[PDB]
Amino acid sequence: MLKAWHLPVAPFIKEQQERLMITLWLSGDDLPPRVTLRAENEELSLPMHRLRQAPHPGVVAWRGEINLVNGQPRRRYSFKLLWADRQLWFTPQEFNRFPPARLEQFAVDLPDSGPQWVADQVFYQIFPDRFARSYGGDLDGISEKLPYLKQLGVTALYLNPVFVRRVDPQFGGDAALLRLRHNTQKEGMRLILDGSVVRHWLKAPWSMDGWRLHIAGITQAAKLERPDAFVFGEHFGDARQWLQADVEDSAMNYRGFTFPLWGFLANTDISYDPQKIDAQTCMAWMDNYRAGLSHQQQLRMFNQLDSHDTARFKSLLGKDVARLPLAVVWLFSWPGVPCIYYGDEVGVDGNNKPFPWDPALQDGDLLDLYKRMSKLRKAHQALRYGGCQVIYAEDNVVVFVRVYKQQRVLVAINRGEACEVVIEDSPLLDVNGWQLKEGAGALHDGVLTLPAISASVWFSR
């Protein structure tokens, strides 16, 4: 059986001066005697050579390189495996018998001009009226509750709504936003507002970090005033045409994250229509969306379980509310920036409720899980810059591994009865050993033993 591995990330890619080194792993009994690196606005057949040293037992590696001196910054490429009588393509979505779409190839953004600080963030979306009064909640309440959020792991705020260009008088007006700006700066937290005007709130003294919004005229203006500005869109549907044209840095990833989990974990969708979706279909869905985005784009994607236009995810789970911790691990370990909707971390429910500041009205076991996943992401670069490969997706069980240099982060998710899962030997899983850091699952000799309705995270040492 032919096998292949590649992710748009080290150990698979390295920049040496103006050359992008690209490496493919192969395995099987009838290996292609040649492989061409197929890259780009002219398409090029770049020859690859086979390396002497096996990177892992039973694997042969091929290497080619792209010249970065010419060409647009988004470097798209795929692999064309060559036999004497036939060819096979290797792509973000496994093998292809016929050439993949230009926008479904691997891509890395070199140079990356996107907002590089986003991948290092943990976001918190606030409905100002319902969060904290200094119902009547306002921006000074948020300012007062900054220690709470810092204790939670928040590093960036998204305010929706803000304006009535004037801040709503009910929230404290312009002057309270100037305090919140000063106060987040002193707390090292980014601040993003929901919306000439784009440039006005990005300049001093407002100096906001970005906006929630052809339409590229807005993004170009925002980047002119502030080069590391974050411009992302609200899309309940397929945002890829906008993202594939760089008019937005990112999108609230409903199609690529939220609705798959709604289907796999909560049997529903945005129309509250029923979904009977298994693990294999959910990862086909999630891996298919991702493929239209570069690795850098994937890391800036806005992942959430709910926002202000949706019911609370805790409510949608209904009788299956025990699966909620599965979604919290997943929110922090799937590529992209996590966005917590205010109150999710303490157990707020409801459909489409003021924040309970009284600790007896909070779910503390859930709040601790958020703190644990927060510390895990901040402490491990693979959770923030790593590539992502789905290792296993059958029925109730999802297993994927984040990959960055030597680091491996294994995530195993089980929505149903306790079970044992046979993990095929994988050169991506060839580590010294594994340290269990979240959940209570067992990895012993190729087997993953998973409690019912559980999610567990292992880290490579």
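Numbers follow the displayed sequence, beginning with 1.
According to the entry, the deposited sequence runs straight from residue 91 to residue 92 with no unmodelled residues in between. A chain break between residue 224 and residue 225 is not present, all residues of the deposited sequence in that interval being modelled. Set 308 to 316 against 215 to 223 and average the Cα temperature factors; 215 to 223 ends up higher. Between 442 to 450 and 21 to 29, the higher mean Cα B-factor belongs to 442 to 450.
When the Cα B-factors of 240, 75, 290, 186 are read from the PDB record, 186 comes out highest. Of all the options 4, 457, 1, 7, the entry's greatest CA B-factor is assigned to 1. The entry lists a Cα temperature factor for residue 260 that places it in the lowest third of the chain's modelled residues.
Residue 278: CA B factor lies in the lowest third for its chain, per the PDB record. When the modelled residues of the chain are ordered by C-alpha B-factor, residue 170 sits in the highest third. Residue 371 sits in the middle third of its chain by CA B factor, as recorded in the PDB entry. In the deposited entry, the Cα temperature factor of residue 162 places it in the highest third of its chain's modelled residues.
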